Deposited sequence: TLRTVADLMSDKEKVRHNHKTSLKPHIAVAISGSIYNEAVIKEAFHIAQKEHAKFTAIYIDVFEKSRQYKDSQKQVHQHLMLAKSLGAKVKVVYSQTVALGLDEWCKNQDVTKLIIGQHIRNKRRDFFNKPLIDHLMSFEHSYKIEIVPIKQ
């Protein structure tokens, strides 16, 4: 039942995460999905990057999905649980100035959510 999802964002780093996610799904003969959580609440004019990253993953054999949610973490966690993801592939958070609650690393919320799927963090090359 191997379902591997790559978590899409508009960061420049996400493209490398897509390619590594492709290698992991291939080397594991897994079903390959790309999930972007659209949240209105910033990163001015990254809608083109997302668009690009989603197409890249489509061109690598992934089914792409867009989910609208209040939060990145809620969207991803609910979506992974409903689609029976077995591993979610995400990029490395790098700390910046904003140390408020919704600028915490995505992984802190998934951990607090007691994620039931594996999570693979891909660092920057």
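Annotation: deposited residues 1-23, 65-67, 152 are not represented by C-alpha coordinates in the model.
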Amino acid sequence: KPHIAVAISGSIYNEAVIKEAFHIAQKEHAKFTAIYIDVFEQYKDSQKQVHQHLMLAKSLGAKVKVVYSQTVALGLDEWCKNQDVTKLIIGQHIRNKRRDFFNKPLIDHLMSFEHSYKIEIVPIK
From here on, numbers count along this sequence of modelled residues.
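Between the stretches 95-103 and 32-40, it is 95-103 that shows the larger average CA temperature factor.
Once the C-alpha B-factors are averaged per stretch, 43-51 and 86-94 rank with 43-51 first. When all modelled residues of the chain are sorted by CA temperature factor, residue 12 is found within the middle third.
Sorting the modelled residues of the chain by their CA temperature factor places residue 19 in the middle third. Sort the chain's modelled residues by C-alpha temperature factor and residue 3 lands in the middle third, per the entry.
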